[PDB]
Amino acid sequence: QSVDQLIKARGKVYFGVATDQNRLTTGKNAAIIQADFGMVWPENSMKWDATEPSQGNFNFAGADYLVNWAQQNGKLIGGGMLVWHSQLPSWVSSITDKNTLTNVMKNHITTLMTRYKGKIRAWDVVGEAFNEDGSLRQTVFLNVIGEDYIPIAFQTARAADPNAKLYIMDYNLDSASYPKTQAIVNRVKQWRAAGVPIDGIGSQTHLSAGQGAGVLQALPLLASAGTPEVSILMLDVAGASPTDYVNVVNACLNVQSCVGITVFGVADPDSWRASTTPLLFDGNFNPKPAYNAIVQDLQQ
């Protein structure tokens, strides 16, 4: 039974999953995504070291495959990250000239978004821009361009595909009392009041056992930044307890601006932290109790 259908029935946009070409051609991933999920997200195939490994040499084969598969099968598509310090090729982090890096950043955004113009529901334009204390992370982009790199990236992205929702993304936004959570709210409010086109906050939710409950307060706080959308992104939960997963889903239902949830893979052995069996299907592609508890929660 399909959690995407059930969550749409509750007024949300999607229940989604990260995937890529070799997932869709192995295992039972393609069948499960067709039946049970409404949106796909590139596991790796749109990050910077995958898509522009040297200057101007774009690698689009993998993303092309995912985009075509999604369209053929009637699924929504997300993408990102456009601007991110991890998985950043050395040729970008070596740049010290402000104008050069500004144009490199603008060209990377514009080329990716233009290739799939109109087909991508939402992009994470900037990711992991905050330190844990809430100050801005001192990446090459902050150090060289300055604080306006975030305004410039969103402005550039809006011009490239005016139809896409533009998100800022970060992790460790799972507790309301955490400084990072409050800082991103305060900065996003101030950017949007200055005209920066930030449509969404995406919360990359990687939880330990028992941390689902805290998202019931954190997600409302993120929503108070006033963005039209917020999302739960790349969700997984060590142990995959029903309680944790149901708490996260209910946080999504409780927050009007929360458009949906994306889990970080289908089956446990294909997780980046597989020994914590943190996903909704087991190594035999059977649904786990957490999957069934979500169905039951969404039916009510």
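Residue numbers run from 1 along the displayed sequence.
### Message
Quick check: 250-258 versus 32-40, which has the larger average CA B-factor in the record?
### Response
So the stretch with the higher mean C-alpha B-factor is 250-258.
#### Entry: Of 164-172 and 92-100, the stretch whose C-alpha atoms average the higher B-factor in the entry
Higher mean C-alpha B-factor: 92-100.
### Task
Compare the CA B factors listed in the entry for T110, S135, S203, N73 and report the winner.
By C-alpha B-factor in the record, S135 ranks first.
### Task
Kindly indicate the residue among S45, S231, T26, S271 with the greatest C-alpha B-factor in the PDB record.
Across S45, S231, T26, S271, the entry lists the biggest C-alpha B-factor for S45.
### Task
Looking at the entry's B-factor column for C-alpha atoms only, identify whether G16 ranks in the lowest, middle or highest third of its chain.
Lowest third of the chain for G16's C-alpha B-factor.
### Task
Could you look up the Cα B-factor of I294 in the entry and say which third of the chain it sits in: lowest, middle or highest?
Its C-alpha B-factor belongs to the lowest third of this chain's values.
### Task
Could you tell me which third, lowest, middle or highest, the C-alpha B-factor of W84 occupies within its chain?
It belongs to the highest third of the chain when residues are ordered by C-alpha B-factor.
#### Entry: Third assignment of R121 from its chain's C-alpha B-factors
For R121, the deposited C-alpha B-factor lands in the lowest third.
### Query
Taking the C-alpha B-factors as the PDB entry records them, is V67 in the lowest, middle or highest third of its chain?
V67: CA B-factor falls in the lowest third of its chain.
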